[PDB]
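Just so you know, the sequences run in chain order A, B, C, D, E, F, G, H and I.
Residue numbering for the first sequence follows my numbering, beginning at 1 and increasing consecutively.
Residue numbering for the second sequence follows my numbering, beginning at 1 and increasing consecutively.
Residue numbering for the third sequence follows my numbering, beginning at 1 and increasing consecutively.
Residue numbering for the fourth sequence follows my numbering, beginning at 1 and increasing consecutively.
Residue numbering for the fifth sequence follows my numbering, beginning at 1 and increasing consecutively.
Residue numbering for the sixth sequence follows my numbering, beginning at 1 and increasing consecutively.
Residue numbering for the seventh sequence follows my numbering, beginning at 1 and increasing consecutively.
Residue numbering for the eighth sequence follows my numbering, beginning at 1 and increasing consecutively.
Residue numbering for the ninth sequence follows my numbering, beginning at 1 and increasing consecutively.
As structure tokens, the structure follows; a few thoughts come after it.
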Amino acid sequence: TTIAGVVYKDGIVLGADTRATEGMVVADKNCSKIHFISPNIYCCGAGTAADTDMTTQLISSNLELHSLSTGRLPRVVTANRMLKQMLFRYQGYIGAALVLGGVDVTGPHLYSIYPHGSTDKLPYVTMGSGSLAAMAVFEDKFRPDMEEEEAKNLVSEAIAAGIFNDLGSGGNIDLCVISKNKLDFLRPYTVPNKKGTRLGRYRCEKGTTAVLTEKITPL
Amino acid sequence: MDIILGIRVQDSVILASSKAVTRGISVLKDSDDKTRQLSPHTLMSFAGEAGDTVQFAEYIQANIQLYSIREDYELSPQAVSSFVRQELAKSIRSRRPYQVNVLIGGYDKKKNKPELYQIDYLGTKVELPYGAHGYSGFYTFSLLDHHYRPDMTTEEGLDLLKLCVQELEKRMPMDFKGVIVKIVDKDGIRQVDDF
Amino acid sequence: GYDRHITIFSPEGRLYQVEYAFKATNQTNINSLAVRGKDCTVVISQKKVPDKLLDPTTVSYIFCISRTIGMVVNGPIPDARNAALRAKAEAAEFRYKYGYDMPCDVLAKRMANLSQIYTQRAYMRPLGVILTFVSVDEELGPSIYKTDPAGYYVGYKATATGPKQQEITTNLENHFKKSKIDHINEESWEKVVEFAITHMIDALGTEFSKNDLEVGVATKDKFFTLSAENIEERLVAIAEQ
Amino acid sequence: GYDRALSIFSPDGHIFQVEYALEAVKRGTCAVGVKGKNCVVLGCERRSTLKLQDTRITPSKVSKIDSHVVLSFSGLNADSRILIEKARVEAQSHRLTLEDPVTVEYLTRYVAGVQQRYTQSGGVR
Amino acid sequence: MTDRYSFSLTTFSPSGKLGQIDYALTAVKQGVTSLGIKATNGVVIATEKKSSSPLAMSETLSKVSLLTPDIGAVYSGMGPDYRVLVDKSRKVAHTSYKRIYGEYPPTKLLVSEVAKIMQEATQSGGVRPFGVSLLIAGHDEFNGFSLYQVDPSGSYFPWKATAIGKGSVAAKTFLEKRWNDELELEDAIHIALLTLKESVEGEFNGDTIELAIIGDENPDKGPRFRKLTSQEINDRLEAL
Amino acid sequence: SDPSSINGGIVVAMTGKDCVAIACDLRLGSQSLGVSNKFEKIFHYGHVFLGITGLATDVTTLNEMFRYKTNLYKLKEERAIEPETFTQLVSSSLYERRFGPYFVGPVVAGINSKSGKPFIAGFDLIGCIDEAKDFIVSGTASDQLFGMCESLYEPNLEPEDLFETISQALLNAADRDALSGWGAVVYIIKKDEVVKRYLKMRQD
Amino acid sequence: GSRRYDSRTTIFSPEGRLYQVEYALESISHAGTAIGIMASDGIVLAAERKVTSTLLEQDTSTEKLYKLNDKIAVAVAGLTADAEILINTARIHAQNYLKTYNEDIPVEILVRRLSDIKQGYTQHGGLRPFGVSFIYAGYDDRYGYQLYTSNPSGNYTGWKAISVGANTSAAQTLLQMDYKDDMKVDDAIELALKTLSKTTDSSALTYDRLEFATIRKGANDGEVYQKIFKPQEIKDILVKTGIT
Amino acid sequence: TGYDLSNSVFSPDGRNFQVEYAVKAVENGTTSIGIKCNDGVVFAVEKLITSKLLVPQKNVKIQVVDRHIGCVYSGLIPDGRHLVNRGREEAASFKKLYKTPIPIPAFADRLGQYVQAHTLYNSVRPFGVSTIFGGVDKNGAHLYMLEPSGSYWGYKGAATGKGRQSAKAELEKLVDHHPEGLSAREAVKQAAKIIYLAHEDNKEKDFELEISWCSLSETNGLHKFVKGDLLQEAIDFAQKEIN
Amino acid sequence: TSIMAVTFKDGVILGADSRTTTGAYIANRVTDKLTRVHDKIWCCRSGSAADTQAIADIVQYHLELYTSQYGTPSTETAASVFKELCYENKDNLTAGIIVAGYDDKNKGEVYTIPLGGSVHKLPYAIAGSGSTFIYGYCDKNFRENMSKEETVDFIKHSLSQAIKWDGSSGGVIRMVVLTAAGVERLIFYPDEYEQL
Ligand SMILES: *[C@@H](CS(C)(=O)=O)[C@H](Cc1ccc(CN)cc1)NC(=O)[C@@H](NC(=O)[C@H](CC(C)C)NC(=O)[C@@H](Cc1ccccc1)N=[N+]=[N-])[C@@H](C)O
Ligand SMILES: [Cl-]
Ligand SMILES: [Mg+2]
Ligand SMILES: [Mg+2]
Ligand SMILES: [Mg+2]
């Protein structure tokens, strides 16, 4: 998995690959790793996939109830706290490694959240097995206060680094651009690999399989 | 406890269960009946860890007997087996699980059919024409694969069972001191006193 | 007639214990007032020290709940302090759980939901207090929210509470009918306090010394109460024009 | 929990809730027991205010507690089911631990002990 | 402090009446009029914003509440009781439904859950019943548009159109004449504004009326619940 | 020792044109010992099908649990549960045992009765959803099935074309696994008919 | 303390009656009449809705007839909200039994369970009883078609035909007069509607004031089917039997 | 009516009659006072000698909390002890967490909230004591008085019990005649006088004087009892002033 | 990590590096290890980031609630709350925290709380993995009642050496000055401190 985020001039750009693996096998080549928290806050997910999914859904659900009661958009710090305090309580056993990005009344904010409950507040972050490949791209080319299409290219370039160089990472590149004026959920942003074309048709002809008995029931 | 077999024939279920009770170096008893009557037409044999086996069997017996009194009705073998499986499936995630494997041989008076259920300590239930627990199956299943027919009589079932016990007496290292055999049919449960 | 002793419905669909708690509200015989400026929210309240043996510095019905939120109470001091301690605790817990300062209205609603519970559950009595919360909220700006023993709450442009609340309310109503705006169009809080005091003097028909008033001021990022000498300076400015 | 003492003494030394429970029994349909030399017979009344009844499925007045003991009653039907269930459970618990079914005296003593417990426990009638 | 009220405060009287439920319904009667009308392509719910003072900002007090994106609620009776029911309705829609099935509850089931909470205040130890009647309007994929009423007892009934509170008897008669099974949403809003004018004494405009709809999706879906603005109400009051 | 490979067995599901197919082997064992050749791993709750591989006691327990839950769902909702909704229910139910999980590999298959859209899904033992259009595989020969499915599969197959694809994927994968086989079942599921076929395969 | 305000819901009167049970029965006597009739080839459940306006959405409405599982249904008389609490408990008990034994719950066992819950509220806890009387219509393979009733006391009994709610005295006489043991479902449908038509406090019996249901084994391949009648179907059966 | 039979019930006035009945028990008790001085506080109490069999100086009424706070009360003596036990738990938990000894205003609210809690429910009785307490903290001297309702305020001087009006009048003279302040040793003498003057309301039985004090200079900010020569000097001053 | 707090004439200064490592990977090179629990009470964090963040948040909460009721807490009080958490949960925590604050009465104060949960009031304190390398330097060069410029140079030189030798330490040297005048944040980059 290669997930990343940057803070640019107008807001936040999140990025993620799409490969879900089970050991060495690829179960899904186009899975979604960028999760919805609130309308102005999204969360990229790495680590244990179920933990990542369910931790984001729970905090998203609780923030929705919080936001209905207060009548105002939720903040990234409250998303950060709720994730943080839960993950800390479970002492690392919930293996959720998140890149949390969103835009508040107080401006754009980006966090990295770790399974044990630590969080860093940063202008750029990377996580997952492809974090080093992605972080190399950010150390090479990041600068503060980038324009939108530039930041999009840098994150895309950082996810790509992970896709190609990390075996755990692969498939397409998803982006999520968050600013005060819009939210752009780009899935897929890029398709860096074409699906391999097969030269033969190996599908069997009808009646090839040996059947013992049959039953038909209508609905 | 060691060897427990079961075979479902045309009109009955036959359970064979070893007599030996061995703790360590010494055979403490050579006449142990590893079975409980749960209801008039349902018999359960059992094998596993010492203490747990009887405690579990007697606990199941008590619950089925309670059901029988409350409803003035005998539960089907299918229902009794599903109850037992759930108890074992509950057990396996306990603080201390019941280490007990069972065979439930019953005659369903509604369907007029014998039925044999094999359930392990995890709660792994299967309905079978013939079953065994532990190492017994390794020897016996190949015999039963060869010789079994669904339309066999009770006497043919007993002959096929003798052949199973002879093979176990030949090739197994432990002296299990023979087997107590019990037949479950439309008329209830009875013990074959000469085997 | 046990429907009047606990919080259950009377045949008219009424909760008499809630109504009697509202009457306990005026037992102190103190009037409070709250108004909003451009950058601020001002709350003023009468201060009465009848006993010469009392330490007048400890006689207060204004509370600093958080740094941003102030709360004035109309009602007896034991219930006031009950409510003050709980609001402080709630505001602190909120900041810990959600990572930002509790808004004025969110606290007001929270305290109101607690007050509602005492009107439905029989073992708990209502508190005999009306709680007026004030702040300069970072999203909604100058804010006045009020809670009562019924568990009712609402936001205000300005408000008044106490025995002579109707006189103060109508005085304020008439000013905002002229200006046609939801606030006091004034830059400095000092002048918004001067307005608040002036309009209480007019409404109640009584002059005030420095020791007859108690003032609380909310600005962006802090709520504070004025000292006797800060109020005296305020009274001097009123008299001089 | 609801702790309220419902069964209490009155100035003349009577527990009225217990005595009013007897009045509920007085209302109930008649039940009779006669023991012979080699048998016991339990007779029970069925009130004929209720016709259009399904006698196959309607709760019968005599209940088996075990294969060798029966319980009939007069009074509140719903209350009887609670005593019958408890007795049936205790009958199987006795067989399980003593390896012998209950005596009729033992089973009676148990049911009677449950009835007593409900006359000096809080929150119960 | 022992909560010693472990016993019911609502009990059957000799006549078979549950006193506290009846008295709660009397409290609902005294409350301000609210109504609901169901069209073919939507539902409308409406009520009067009875402002306690002109210094109070009545925009802050929401009588019409969003429960889910496709379900809205309005009430008549005690406002604080309504508020805590909305809190619990919103929460139960997540805990017992969204976190399980990954979707919001259908109108009827969310109504059933609210009804359950209200029933429990009618039987549990040491509590009075809720002093509100709710009108819940909503949409879901398999049941379509629906409108329900929920009373202090916990009893609920589906309606084509109805009204509760102050002038409900008169309002229900008004709706019986005007309602048909071929109404469009705009026709229903028109009828709601007509019906609500009868029970309102004072000012009748977008600032003193609260009105919301369950209709088309407003841009995974968009939310069907929409609260009409002060301006949107006034526009329809000129074509009245 | 490893709970997911004591009893053995496999499930595969595929989508086609206006249809889905789900298939399973029939083996239950105690490691090397074959015990039952009638242990089906596909169940159904209305028109939604659920395959479950893994520890057999948990397979049985979960079947009983989802029957329970979908029955109450239908009574309350007044309609049968849909594949999309059931998938979320499975995920929830598995994750609530996060730190003491059911040792299973479930597979949902069905057609949404309203939209008509063919649907399949898979899960890990703690409920993370694999949400793939093409195919879902599970069990002790999952690697084998992944290989068979990736080379045999193509989109929009007609029901009886799809039958030949899923059957050959199952059979040839099972024959490369010691703990799978002993018979097989294939369900071909269309919007208002379901064809259940038992396959002839080698019995070793 | 709190003792002052305690109604004491679980006590005997001097006559040996449970006050609250008796008063709950009085409550139920005012509820809309529900009738159950058991035939040789099925069971009929018929029930009268109450108050009704022209504006009540009838097709999505359910106040009387509820489904517990595929074999067992109930007709309600009393507080609908109280019934729904008990109904959801019963629905769970049926699924717990199904999960445990892998067989559908026998009708009597379910009925006893609910009845035992009702009983508990009369003997302990200090809470008011449930103001509900059920008619249970169900089938199992031991006793076949069964009708039962329970009431707030927790007492239950079996019936060939029975009524609950309003005018039960009058209803039970009319049923006792025209019921016969060899009767069939189509005849029982007619008897149920004729009984309601005479005992109703309304001016006339119409489709919009009725809920109606049948439990027939009358299906292809001897399997039990529950039919909750739609508004249009109740209107048709009212014309067929000649009431409208 | 019936509004006075249960605690936590509002009468139609808005009053809690049970609390007002607790005040009657307070008014029935012996006279106790508190005097705030320059750098500390002084507490004094009237102890009625019911019999010659009472051991002199043994039945001590004034109680210490932590090491720096004095508490005295009038009314039901056991209720006062119960409140001080709680005060000691509060002062202990405060010091455990925050290290510093509990400030007097902080401590005052701890007692205040606890006493107020006993007006919230019908399952408890209100406290039958008015409690005068105080001491020296980092911000200087503080004297408080706490009523059955939970009401408390800071005081220059405080008095409660049967002789409270007599005492209050005397305290008011001291406040007027000493605006610059009263010394600790002066306050001890004045406390003795005021108890002796307030003894006219309990004049049937003779009494025993008990005084305590915290002063920054005289006791290092710790609560001590006035004993021996300093006690006798205060008694002599008091006896001289009544004659 | 290399952290320190040093009292001086006008108050106290806290100092820290900015490196956070996961093994040999620098996860965050611009970490803020100086965290605010009150206006003029701050702490330097070392150990488990999750633990020290969780503690610091709880302390901030306790002191916020203290301030609501009893006014500004002393630096000693803050140290006592840190201690209470660290000591009572010693089995589940890995936190080495320096607490530093400015009163007007007490002036600058530094409390160190090592792994055990013990408290030690000191004129200055050093902590974190890089502190081992500067015990010698700091002991030789520290004086009491230094000026602000002297104390900034003492911390800058000290952490410079800690950074030079400790791989776990690095990046920028952040500082936080606590005086009557207010709160000043300072930053010093590698190009400045490496050439010292
Ligand atoms: C990349 C993470 S990594 C190793 O840091 O690069 C992805 C991130 C990710 C996030 C979200 C989603 C979808 N919501 C997918 C992927 N993580 C993984 O791919 C993890 N894989 C899994 O968790 C898989 C998921 C299945 C559905 C393919 N599950 C398993 O590998 C285990 C589950 C399990 C996990 C922890 C403890 C016990 C079991 N299997 N089974 N069965 C990453 C762990 O590979
Ligand atoms: Cl709340
Ligand atoms: Mg109350
Ligand atoms: Mg094979
Ligand atoms: Mg370095």
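Using N, Cα and C, we set each Cβ at its ideal position, and we do this for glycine too.
Say the cut is 7 Å; is the CB of residue i nearer than that to a heavy atom of ligand 1?
| i | result |
| --- | --- |
| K33 (chain A) | yes |
| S129 (chain A) | yes |
| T21 (chain A) | yes |
Run through chain H and tell me which residues come within less than 7 Å of residue i, C-beta to C-beta.
| i | result |
| --- | --- |
| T77 (chain I) | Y98, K99 and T100 |
| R4 (chain E) | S123 |
Closest to residue i by C-alpha separation, out of the options, would be which residue?
| i | options | result |
| --- | --- | --- |
| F127 (chain H) | H:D79, H:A117 and H:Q165 | H:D79 |
| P76 (chain C) | C:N29, C:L33, C:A89 and C:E138 | C:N29 |
| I126 (chain I) | I:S118, I:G117, I:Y111 and I:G182 | I:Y111 |
| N106 (chain I) | I:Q195, I:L14, I:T179 and I:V172 | I:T179 |
| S81 (chain B) | B:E71, B:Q55 and B:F46 | B:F46 |
Compute the minimum distance between the beta carbon of residue i and the heavy atoms of ligand 3, and state whether it is under 7 Å.
| i | result |
| --- | --- |
| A122 (chain C) | yes |
At a cut-off of 7 Å, is residue i close to ligand 4 when judged by its beta-carbon and the heavy atoms of the ligand?
| i | result |
| --- | --- |
| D51 (chain I) | no |
| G181 (chain F) | yes |
| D70 (chain G) | no |
| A184 (chain F) | no |
Kindly examine ligand 2 and report whether one of its heavy atoms sits closer than 7 Å to the Cβ of residue i.
| i | result |
| --- | --- |
| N62 (chain A) | no |
| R110 (chain C) | yes |
Identify every residue that forms a DSSP beta bridge with residue i.
| i | result |
| --- | --- |
| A151 (chain A) | DSSP lists no partner for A151 (chain A). |
| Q118 (chain B) | B:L103 and B:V126 |
At a CB-CB cut-off below 9 Å, which residues of chain B make contact with residue i?
| i | result |
| --- | --- |
| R88 (chain D) | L66, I69 and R70 |
In chain F, which residues lie with their C-beta within 9 Å of the C-beta of residue i?
| i | result |
| --- | --- |
| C44 (chain A) | Here the premise fails: no neighbours, minimum Cβ distance about 16 Å. |
Using a C-beta to C-beta distance shorter than 7 Å, which residues of chain D count as neighbours of residue i?
| i | result |
| --- | --- |
| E58 (chain B) | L96 |
**Prompt:** Which ranges would you report for the beta strand (DSSP E) in the stretch 23–47 of chain I if only whole runs of at least 3 residues count?
**Reply:** 25–28, 34–38 and 41–47
TODO: Taking only runs that begin and end inside the stretch 152–235 of chain C, name each unbroken beta strand (DSSP E) of 3 or more residues, in chain order.
DONE: 153–156, 159–161, 213–219 and 222–225
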